[PDB]
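Chain by chain, the residues run as shown.
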Amino acid sequence: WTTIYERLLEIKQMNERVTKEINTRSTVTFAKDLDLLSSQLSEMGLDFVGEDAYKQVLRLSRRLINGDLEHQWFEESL
DNA sequence: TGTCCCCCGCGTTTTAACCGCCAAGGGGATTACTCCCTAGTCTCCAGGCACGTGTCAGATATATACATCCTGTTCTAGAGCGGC
């Protein structure tokens, strides 16, 4: 329990920085023109944009325990 | 018959083998729609089969000729003996 608690503390302490990192993810428009952005997790909804990172990680852990997340995709998302 | 070197029995230390556990994602298995081509005939005709036959390559034949193998004779090297 203390190990899981400290892991989630490590998640939450930098959460206020990563949340504004993905919220202000300034995608360059030139790569938008000829389609080089990584849209692998954007197709099935594993992206973190427009939403708090900790709550999304909580739902991700819930579905990861549920066994319908295709583990390596959750690995790449993290 | 001998030998010696090639293989077996055993001590030690790694080493990957098997089972313990977890996902992954191509992939075997199943179901369904549909579409091509293969089952089944009609007719025929042109390639395939039975018959007939001139013929041209193979076999028989034999003196001739290969052709290699066996054997006899001679050449040369090696060991033994005798003299200086």
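Calculation criteria
Residues numbered from 1 in each chain as written, not as in the entry; some residues may be left out. Chains lettered and ligands numbered in written order. Part of a larger assembly, values for the part shown. Heavy atoms only, no water. Helix = DSSP H or I, 4+ residues; strand = E, 2+ residues; numbered from the N terminus. Rg over C-alpha atoms; globule rule 2.2 N^0.38 Å. Buried < 20%, exposed > 50% of the residue type's maximum accessible area, 1.4 Å probe, protein only. Contact = heavy atoms within 4.5 Å. Areas by Shrake-Rupley, 256 points an atom, 1.4 Å probe, with all protein chains shown as cover. Expected span 1.5 Å × (residues − 1). Near = heavy atom within 4 Å. Polar contact = N/O pair within 3.5 Å; in protein donor to acceptor, adjacent residues only side chain to side chain.

As deposited, the entry is annotated with cryo-EM as its determination method and 2.90 Å as its resolution.

Caption draft 1: The arrangement of the overall build of chain A in detail. A count of helices and strands for chain A gives five helices and zero strands. The secondary structure elements of chain A, listed N-terminal to C-terminal, are α-α-α-α-α. Computed over C-alpha atoms, the radius of gyration of chain A comes to 14 Å, more than 25% over the 12 Å expected from 2.2 N^0.38 for 78 residues, which places it beyond the range of a compact globule. Seen through its principal axes, chain A has C-alpha atoms that stretch 50 × 30 × 15 Å. When the 78 residues of chain A are sorted by exposure, 21% land in the buried category. Of all intrachain contacts in chain A linking residues separated by at least 6 positions in sequence, the fraction that spans at least 24 positions is 62%. Split by element, the accessible area of chain A, about 6500 Å² in all, is 54% carbon and sulfur.

Caption draft 2: Focus on helix α1 (residues 2-13). Along its 12 residues, α1 runs 16 Å from first to last C-alpha, staying within 8% of the 16 Å computed at 1.5 Å per residue. Counted residue by residue, α1 has zero buried out of 12 residues, so it is predominantly exposed.

Caption draft 3: Examining the protein's contact with DNA strand B more closely. Looking at DNA strand B, the residues that line it are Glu70, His71 and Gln72. The contact atoms of DNA strand B, taken as those within 4 Å of the protein, divide so that sugar and phosphate hold 100%. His71 places a main-chain nitrogen or oxygen 2.5 Å from a phosphate oxygen of DNA strand B. At 2.3 Å from a phosphate oxygen of DNA strand B is found a side-chain nitrogen or oxygen belonging to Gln72.

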